[PDB]
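Adding 14 to a residue's 1-based position in the sequence shown gives its number in this note's numbering.
Here a beta-carbon is modelled for each residue, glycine too, at the ideal position from N, C-alpha and C.
For reference, the structure discussed in these notes is given below.
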Amino acid sequence: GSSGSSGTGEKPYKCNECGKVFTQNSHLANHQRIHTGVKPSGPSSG
Ligand SMILES: [Zn+2]
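Shown next as structure tokens:
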């Protein structure tokens, strides 16, 4: 199962999605936001 060598890098917080890194955790989490659907469902109107 895709048991290949695609993901080298020992970091505390890395956005595997793109390949970035953030000292803090929140930074990475908030960033991952762009790596997922963000349709205007809540009280937001785009
Ligand atoms: Zn990213």
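- In this structure, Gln-38 has its CB at a distance of at least 7 Å from all heavy atoms of ligand 1.
- Every residue whose beta carbon comes nearer than 7 Å to a heavy atom of ligand 1 appears here in chain order: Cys-29, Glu-31, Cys-32, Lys-34, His-45, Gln-46, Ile-48, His-49.
- Excluding the 5 residues flanking it on each side, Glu-31 has same chain C-beta neighbours closer than 8 Å at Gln-46, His-49, in chain order.
- If the five residues before and after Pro-54 are omitted, its C-beta is found closer than 7 Å to the C-beta atoms of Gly-60, all from its own chain and listed in chain order.
- Closest in C-alpha terms to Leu-42, from the list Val-52, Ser-16, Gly-18, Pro-26, comes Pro-26.
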